[PDB]
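Asker: So that you have it, the file is coords.pdb, and it contains PDB, C-alpha atoms (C1' of nucleotides):
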ATOM      1  CA  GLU P   1     -35.633 -38.125  -1.010  1.00  0.00           C
ATOM      2  CA  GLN P   2     -32.548 -38.808   1.029  1.00  0.00           C
ATOM      3  CA  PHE P   3     -29.290 -37.032   0.304  1.00  0.00           C
ATOM      4  CA  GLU P   4     -25.953 -36.285   1.859  1.00  0.00           C
ATOM      5  CA  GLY P   5     -24.269 -32.952   1.460  1.00  0.00           C
ATOM      6  CA  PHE P   6     -22.596 -29.915   2.919  1.00  0.00           C
ATOM      7  CA  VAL P   7     -24.530 -27.088   4.537  1.00  0.00           C
ATOM      8  CA  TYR P   8     -23.455 -23.907   2.753  1.00  0.00           C
ATOM      9  CA  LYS P   9     -24.607 -21.792   5.667  1.00  0.00           C
ATOM     10  CA  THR P  10     -23.922 -18.117   5.356  1.00  0.00           C
ATOM     11  CA  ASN P  11     -25.296 -15.705   7.906  1.00  0.00           C
ATOM     12  CA  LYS P  12     -28.631 -13.947   7.998  1.00  0.00           C
ATOM     13  CA  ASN P  13     -27.157 -11.420   5.601  1.00  0.00           C
ATOM     14  CA  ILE P  14     -30.493  -9.953   4.460  1.00  0.00           C
ATOM     15  CA  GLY P  15     -33.787  -9.316   6.194  1.00  0.00           C
ATOM     16  CA  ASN P  16     -35.938 -11.673   4.131  1.00  0.00           C
ATOM     17  CA  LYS P  17     -33.484 -14.570   4.517  1.00  0.00           C
ATOM     18  CA  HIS P  18     -34.982 -17.764   5.973  1.00  0.00           C
ATOM     19  CA  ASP P  19     -32.793 -20.642   4.842  1.00  0.00           C
ATOM     20  CA  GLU P  20     -29.269 -21.808   4.404  1.00  0.00           C
ATOM     21  CA  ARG P  21     -28.400 -24.056   1.493  1.00  0.00           C
ATOM     22  CA  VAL P  22     -26.674 -27.438   1.558  1.00  0.00           C
ATOM     23  CA  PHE P  23     -24.961 -29.014  -1.441  1.00  0.00           C
ATOM     24  CA  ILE P  24     -26.209 -32.494  -2.271  1.00  0.00           C
ATOM     25  CA  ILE P  25     -23.177 -34.706  -2.935  1.00  0.00           C
ATOM     26  CA  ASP P  26     -25.091 -38.013  -2.815  1.00  0.00           C
ATOM     27  CA  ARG P  27     -26.212 -37.483  -6.406  1.00  0.00           C
ATOM     28  CA  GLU P  28     -25.106 -36.229  -9.821  1.00  0.00           C
ATOM     29  CA  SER P  29     -21.797 -34.392 -10.042  1.00  0.00           C
ATOM     30  CA  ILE P  30     -19.509 -32.746 -12.611  1.00  0.00           C
ATOM     31  CA  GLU P  31     -16.008 -31.313 -12.444  1.00  0.00           C
ATOM     32  CA  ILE P  32     -14.021 -28.675 -14.352  1.00  0.00           C
ATOM     33  CA  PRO P  33     -10.282 -27.823 -14.223  1.00  0.00           C
ATOM     34  CA  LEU P  34      -9.600 -24.930 -11.842  1.00  0.00           C
ATOM     35  CA  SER P  35      -7.649 -22.303 -13.784  1.00  0.00           C
ATOM     36  CA  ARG P  36      -5.242 -19.829 -12.210  1.00  0.00           C
ATOM     37  CA  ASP P  37      -7.464 -17.177 -13.773  1.00  0.00           C
ATOM     38  CA  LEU P  38     -10.324 -18.289 -11.540  1.00  0.00           C
ATOM     39  CA  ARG P  39      -7.995 -18.330  -8.550  1.00  0.00           C
ATOM     40  CA  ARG P  40      -7.077 -14.657  -8.995  1.00  0.00           C
ATOM     41  CA  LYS P  41     -10.641 -13.560  -9.708  1.00  0.00           C
ATOM     42  CA  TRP P  42     -11.816 -15.203  -6.497  1.00  0.00           C
ATOM     43  CA  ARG P  43      -9.076 -13.561  -4.462  1.00  0.00           C
ATOM     44  CA  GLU P  44      -9.871 -10.243  -6.089  1.00  0.00           C
ATOM     45  CA  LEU P  45     -13.643 -10.360  -5.571  1.00  0.00           C
ATOM     46  CA  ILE P  46     -13.294 -11.438  -1.927  1.00  0.00           C
ATOM     47  CA  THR P  47     -10.706  -8.729  -1.354  1.00  0.00           C
ATOM     48  CA  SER P  48     -13.319  -6.187  -2.411  1.00  0.00           C
ATOM     49  CA  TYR P  49     -15.923  -7.593  -0.024  1.00  0.00           C
ATOM     50  CA  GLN P  50     -13.533  -7.585   2.905  1.00  0.00           C
ATOM     51  CA  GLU P  51     -11.804  -4.301   2.100  1.00  0.00           C
ATOM     52  CA  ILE P  52     -14.906  -2.214   1.343  1.00  0.00           C
ATOM     53  CA  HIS P  53     -16.497  -2.792   4.773  1.00  0.00           C
ATOM     54  CA  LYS P  54     -13.330  -2.808   6.868  1.00  0.00           C
ATOM     55  CA  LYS P  55     -14.221   0.468   8.601  1.00  0.00           C
ATOM     56  CA  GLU P  56     -17.847  -0.453   9.329  1.00  0.00           C
ATOM     57  CA  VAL P  57     -16.716  -3.795  10.786  1.00  0.00           C
ATOM     58  CA  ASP P  58     -13.943  -2.320  12.927  1.00  0.00           C
ATOM     59  CA  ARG P  59     -16.191   0.276  14.515  1.00  0.00           C
ATOM     60  CA  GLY P  60     -18.327  -2.716  15.444  1.00  0.00           C
ATOM     61  CA  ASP P  61     -21.398  -2.653  13.240  1.00  0.00           C
ATOM     62  CA  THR P  62     -22.936  -6.120  13.199  1.00  0.00           C
ATOM     63  CA  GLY P  63     -24.415  -5.726   9.718  1.00  0.00           C
ATOM     64  CA  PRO P  64     -24.790  -3.268   6.863  1.00  0.00           C
ATOM     65  CA  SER P  65     -26.164   0.105   7.869  1.00  0.00           C
ATOM     66  CA  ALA P  66     -28.520  -0.057   4.888  1.00  0.00           C
ATOM     67  CA  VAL P  67     -30.414  -3.266   5.689  1.00  0.00           C
ATOM     68  CA  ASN P  68     -31.949  -3.811   9.108  1.00  0.00           C
ATOM     69  CA  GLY P  69     -32.164  -7.217  10.695  1.00  0.00           C
ATOM     70  CA  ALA P  70     -29.060  -8.489   8.923  1.00  0.00           C
ATOM     71  CA  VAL P  71     -25.474  -9.335   9.801  1.00  0.00           C
ATOM     72  CA  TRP P  72     -22.241  -9.462   7.886  1.00  0.00           C
ATOM     73  CA  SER P  73     -22.312 -12.073   5.188  1.00  0.00           C
ATOM     74  CA  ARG P  74     -19.868 -14.825   5.962  1.00  0.00           C
ATOM     75  CA  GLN P  75     -17.212 -14.006   3.375  1.00  0.00           C
ATOM     76  CA  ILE P  76     -16.916 -10.340   4.278  1.00  0.00           C
ATOM     77  CA  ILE P  77     -16.012 -10.915   7.956  1.00  0.00           C
ATOM     78  CA  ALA P  78     -14.027 -14.109   7.270  1.00  0.00           C
ATOM     79  CA  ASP P  79     -10.265 -14.254   7.751  1.00  0.00           C
ATOM     80  CA  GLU P  80      -7.813 -13.913   4.882  1.00  0.00           C
ATOM     81  CA  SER P  81      -7.933 -17.710   4.706  1.00  0.00           C
ATOM     82  CA  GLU P  82     -11.185 -17.146   2.828  1.00  0.00           C
ATOM     83  CA  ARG P  83      -9.338 -15.052   0.255  1.00  0.00           C
ATOM     84  CA  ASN P  84      -7.422 -18.136  -0.993  1.00  0.00           C
ATOM     85  CA  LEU P  85      -9.456 -20.779  -2.849  1.00  0.00           C
ATOM     86  CA  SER P  86      -8.077 -23.674  -0.816  1.00  0.00           C
ATOM     87  CA  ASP P  87      -9.112 -27.308  -1.102  1.00  0.00           C
ATOM     88  CA  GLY P  88     -12.705 -28.128  -0.219  1.00  0.00           C
ATOM     89  CA  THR P  89     -13.937 -24.562  -0.070  1.00  0.00           C
ATOM     90  CA  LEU P  90     -17.559 -24.206  -1.113  1.00  0.00           C
ATOM     91  CA  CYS P  91     -18.648 -21.731  -3.768  1.00  0.00           C
ATOM     92  CA  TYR P  92     -21.326 -20.998  -6.242  1.00  0.00           C
ATOM     93  CA  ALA P  93     -20.018 -21.243  -9.797  1.00  0.00           C
ATOM     94  CA  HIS P  94     -21.512 -19.152 -12.576  1.00  0.00           C
ATOM     95  CA  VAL P  95     -21.815 -21.518 -15.516  1.00  0.00           C
ATOM     96  CA  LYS P  96     -23.035 -21.856 -19.060  1.00  0.00           C
ATOM     97  CA  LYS P  97     -23.079 -24.739 -21.489  1.00  0.00           C
ATOM     98  CA  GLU P  98     -21.187 -24.032 -24.687  1.00  0.00           C
ATOM     99  CA  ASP P  99     -20.187 -26.581 -27.313  1.00  0.00           C
ATOM    100  CA  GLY P 100     -21.575 -29.046 -24.825  1.00  0.00           C
ATOM    101  CA  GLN P 101     -18.889 -27.862 -22.398  1.00  0.00           C
ATOM    102  CA  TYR P 102     -19.761 -26.621 -18.933  1.00  0.00           C
ATOM    103  CA  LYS P 103     -17.797 -23.402 -19.120  1.00  0.00           C
ATOM    104  CA  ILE P 104     -17.286 -21.782 -15.714  1.00  0.00           C
ATOM    105  CA  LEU P 105     -17.105 -17.984 -15.904  1.00  0.00           C
ATOM    106  CA  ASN P 106     -16.602 -16.957 -12.272  1.00  0.00           C
ATOM    107  CA  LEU P 107     -16.668 -18.289  -8.753  1.00  0.00           C
ATOM    108  CA  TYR P 108     -18.989 -16.390  -6.447  1.00  0.00           C
ATOM    109  CA  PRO P 109     -19.600 -16.704  -2.704  1.00  0.00           C
ATOM    110  CA  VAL P 110     -23.339 -15.945  -2.727  1.00  0.00           C
ATOM    111  CA  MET P 111     -26.324 -16.496  -4.955  1.00  0.00           C
ATOM    112  CA  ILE P 112     -26.720 -12.829  -5.998  1.00  0.00           C
ATOM    113  CA  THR P 113     -23.210 -11.429  -5.961  1.00  0.00           C
ATOM    114  CA  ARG P 114     -20.947  -8.482  -6.013  1.00  0.00           C
TER     115      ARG P 114
ATOM    116  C1'   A H   1      94.906  16.645  26.571  1.00  0.00           C
ATOM    117  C1'   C H   2      88.047  18.934  27.554  1.00  0.00           C
ATOM    118  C1'   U H   3      80.310  19.703  25.026  1.00  0.00           C
ATOM    119  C1'   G H   4      81.301  26.050  20.641  1.00  0.00           C
ATOM    120  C1'   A H   5      78.363  30.268  21.468  1.00  0.00           C
ATOM    121  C1'   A H   6      74.006  33.023  19.664  1.00  0.00           C
ATOM    122  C1'   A H   7      69.498  32.080  16.256  1.00  0.00           C
ATOM    123  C1'   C H   8      60.863  32.292  16.794  1.00  0.00           C
ATOM    124  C1'   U H   9      59.792  27.609  10.807  1.00  0.00           C
ATOM    125  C1'   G H  10      58.613  32.459  10.222  1.00  0.00           C
ATOM    126  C1'   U H  11      56.589  36.480   6.611  1.00  0.00           C
ATOM    127  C1'   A H  12      52.217  37.984   2.869  1.00  0.00           C
ATOM    128  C1'   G H  13      47.260  35.537   1.532  1.00  0.00           C
ATOM    129  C1'   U H  14      38.733  36.982   3.269  1.00  0.00           C
ATOM    130  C1'   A H  15      36.929  29.332   2.225  1.00  0.00           C
ATOM    131  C1'   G H  16      35.424  32.577  -1.565  1.00  0.00           C
ATOM    132  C1'   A H  17      32.693  33.558  -6.778  1.00  0.00           C
ATOM    133  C1'   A H  18      28.031  32.071  -9.432  1.00  0.00           C
ATOM    134  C1'   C H  19      23.031  29.830  -7.837  1.00  0.00           C
ATOM    135  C1'   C H  20      14.839  32.155  -6.888  1.00  0.00           C
ATOM    136  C1'   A H  21      13.070  26.715  -2.129  1.00  0.00           C
ATOM    137  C1'   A H  22      10.910  26.110  -6.632  1.00  0.00           C
ATOM    138  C1'   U H  23       7.406  23.510 -10.405  1.00  0.00           C
ATOM    139  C1'   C H  24       1.874  21.097 -11.034  1.00  0.00           C
ATOM    140  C1'   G H  25      -3.082  20.746  -8.515  1.00  0.00           C
ATOM    141  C1'   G H  26     -11.059  24.640  -8.686  1.00  0.00           C
ATOM    142  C1'   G H  27     -12.078  22.993  -1.085  1.00  0.00           C
ATOM    143  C1'   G H  28     -14.579  19.570  -4.667  1.00  0.00           C
ATOM    144  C1'   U H  29     -19.143  16.246  -5.295  1.00  0.00           C
ATOM    145  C1'   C H  30     -24.709  10.966  -6.167  1.00  0.00           C
ATOM    146  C1'   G H  31     -25.988   5.828  -6.255  1.00  0.00           C
ATOM    147  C1'   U H  32     -24.479   2.808  -4.120  1.00  0.00           C
ATOM    148  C1'   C H  33     -24.719  -1.440  -0.299  1.00  0.00           C
ATOM    149  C1'   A H  34     -26.490  -6.470   1.288  1.00  0.00           C
ATOM    150  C1'   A H  35     -28.636 -11.739  -1.057  1.00  0.00           C
ATOM    151  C1'   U H  36     -31.652 -14.555  -1.784  1.00  0.00           C
ATOM    152  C1'   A H  37     -37.228 -16.454  -2.054  1.00  0.00           C
TER     153        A H  37
END
Produce structure tokens that represent the structure in this file.

Answerer:
Amino acid sequence: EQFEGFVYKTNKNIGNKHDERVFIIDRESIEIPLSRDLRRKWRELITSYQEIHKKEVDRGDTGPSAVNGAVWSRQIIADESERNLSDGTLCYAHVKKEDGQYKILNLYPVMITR
RNA sequence: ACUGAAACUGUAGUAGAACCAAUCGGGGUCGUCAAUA
């Protein structure tokens, strides 16, 4: 196939990680209204990521002490710009279909998330 | 078309009586952390 897309590169944030993922825009697409409830939940989840590791990062660890061969996942070392869901940011969205509606429950920065 | 003189703003009076630097708190203890293949 041929596609066009965005590379949703995060870092090598776990030891078994081989690949980044890239979002294929050339093909089928759907959109949902972005609620202010999602905006706060994003800010709040990312705050946790950034806040919880602040001390490990500032003493200069390059990755979690509990997983060798890995480096800070992109969102946890990112600037506070990441903490605001500004236009064109890339996310994973946790979704279900209900009543034929693509309900979005949360926005999450990584496939398996905090 | 003769300046009045002489005369302590002084004497007596406690910035004091009452008032708690005090009330609460085991030097204690378990699961998290990272995301993909």

Asker: Spell out the residues picked by the PyMOL selection byres ((chain H) within 10 of (chain P)) here, as a list in words.

Answerer: residues 33, 34, 35, 36 and 37 of chain H

Asker: Please write as a count of residues only the full residue list that the PyMOL selection byres ((chain P and resi 44) around 12) yields on this file.

Answerer: 23

Asker: Would you compute the distance between atom CA of residue 91 of chain P and atom CA of residue 34 of chain P? Give it in Å to one decimal.

Answerer: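 Between atom CA of residue 91 of chain P and atom CA of residue 34 of chain P the gap works out to 12.5 Å.
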
Asker: Find the distance between atom CA of residue 86 of chain P and atom CA of residue 21 of chain P and write it in Å to one decimal.

Answerer: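 About the pair atom CA of residue 86 of chain P and atom CA of residue 21 of chain P: they are 20.5 Å apart.
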
Asker: Report, as lines of an AutoDock Vina configuration file, the axis-aligned box around all atoms of segment 1-13 of chain P present in the file, extended by 6 Å on each side; give centre and edge lengths in Å to one decimal place.

Answerer:
center_x = -29.1
center_y = -25.1
center_z = 3.5
size_x = 25.0
size_y = 39.4
size_z = 21.0

Asker: Show me, as a list in words, the residues that have an atom within 8 Å of residue 25 of chain P when counting only C-alpha atoms (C1' of nucleotides), minus same-chain residues fewer than 4 positions from it.

Answerer: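 Listing them by chain and then by number gives residues 3, 4, 5, 6 and 29 of chain P.
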
Asker: Counting only C-alpha atoms (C1' of nucleotides), what is within 10 Å of residue 32 of chain P, bar same-chain residues fewer than 6 positions away, as a PyMOL selection string?

Answerer: chain P and resi 101-104

Asker: If you keep C-alpha atoms, can you produce a file of those selected residues as an mmCIF file, in the frame of the given file?

Answerer:
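Writing done, so here's result.cif:
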data_model
loop_
_atom_site.group_PDB
_atom_site.id
_atom_site.type_symbol
_atom_site.label_atom_id
_atom_site.label_comp_id
_atom_site.auth_asym_id
_atom_site.auth_seq_id
_atom_site.Cartn_x
_atom_site.Cartn_y
_atom_site.Cartn_z
ATOM 1 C CA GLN P 101 -18.889 -27.862 -22.398
ATOM 2 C CA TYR P 102 -19.761 -26.621 -18.933
ATOM 3 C CA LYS P 103 -17.797 -23.402 -19.120
ATOM 4 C CA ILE P 104 -17.286 -21.782 -15.714
#

Asker: Let me make sure I understand: among P:36, P:30, P:97, P:77, which one has the smallest atom-to-atom distance to residue 60 of chain P if we use all atoms listed in the file?

Answerer: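 The answer is P:77, which sits nearest to residue 60 of chain P.
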